[PDB]
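A.B. asks: Can you read through this structure? Questions will come right after.
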Amino acid sequence: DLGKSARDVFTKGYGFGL
Amino acid sequence: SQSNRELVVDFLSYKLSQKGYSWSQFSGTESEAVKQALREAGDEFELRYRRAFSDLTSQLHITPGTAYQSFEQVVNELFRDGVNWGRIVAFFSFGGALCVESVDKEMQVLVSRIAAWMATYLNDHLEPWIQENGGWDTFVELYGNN
């Protein structure tokens, strides 16, 4: 799953709504 | 949108040169400031997190068959929690890493496509946030060295 793969590559791309 | 294409091509050209793809390839002041700030931010990002985007084309199956909407789908995961300047920098750095890797793996055809994909993604997905958050002149104020 591309989406899963992507999520791995960008694990550190998290944060808030704001 | 033309300025978005130019920013993408400036950044990717910079990253390819910096890695020494001057030889895999046959060889305003307001916008200059934007380009320089983005180059420096992308360098900073890469110095901070350079394990982050290794072996991309393999993990993401980016090939000469890949269509824009697969790139879009991947990048959407980067902005899953919303857009900010740090993730926009990450986006540019990702694209740069994809370009370098593509050249390294003898898939040079991808460089012009990645640049088109980034410009589209910027215009359609990121520009609406940018134009609510001060535009690139505000990015310069935040991340420009000077």
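Identifiers in this document derive from the order of the structure tokens: chains are assigned A, B, ..., residues are numbered from 1 separately in each chain, and ligands are numbered from 1 in order of occurrence.
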Set the distance at 6 Å and use only C-alpha atoms: which residues neighbour region 3-17 of chain A once local chain neighbours fewer than 2 positions away are removed? I'd like the list as a list in words.
C.D. replies: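 With the cut-off at 6 Å, the set is residues 1 of chain A; 74, 77, 78 and 81 of chain B.
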A.B. asks: Could you tell me which residues of chain B sit within 8 Å of chain A when counting only C-alpha atoms, and give me the result as an MDAnalysis selection string?
C.D. replies: chainID B and resid 52:53 56 59:60 70 73:75 77:82 87
A.B. asks: Identify, on the basis of only C-alpha atoms, every residue whose closest approach to residue 110 (chain B) does not exceed 9 Å; exclude the query and any residue fewer than 6 positions from it along the same chain; express the result as JSON, numbers by chain.
C.D. replies: {"B": [62, 63, 64, 98, 99, 102, 103]}
A.B. asks: Here is a test: counting only C-alpha atoms, which residue of B:49, B:21, B:85, B:26 is nearest to residue 141 (chain B)?
C.D. replies: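 Closest to residue 141 (chain B), using only C-alpha atoms: B:85.
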A.B. asks: For each of B:13, B:54, B:4, B:31, take the minimum atom-to-atom distance to residue 101 (chain B), counting only C-alpha atoms, then give the residue where this is smallest.
C.D. replies: B:54
A.B. asks: Please return as a ChimeraX atom specification: the residues of chain A that backbone DSSP assigns to helix (DSSP H, G or I).
C.D. replies: /A:2-9
A.B. asks: In Å, with one decimal, what is the gap from CA of residue 116 (chain B) to CA of residue 40 (chain B)?
C.D. replies: 22.1 Å
A.B. asks: Find the residues near residue 41 (chain B): any atom within 12 Å, counting only C-alpha atoms, skip ones fewer than 2 places away on the same chain, and give them as a ChimeraX atom specification.
C.D. replies: /B:11,34-39,43-48,85-93,139-140,142-145
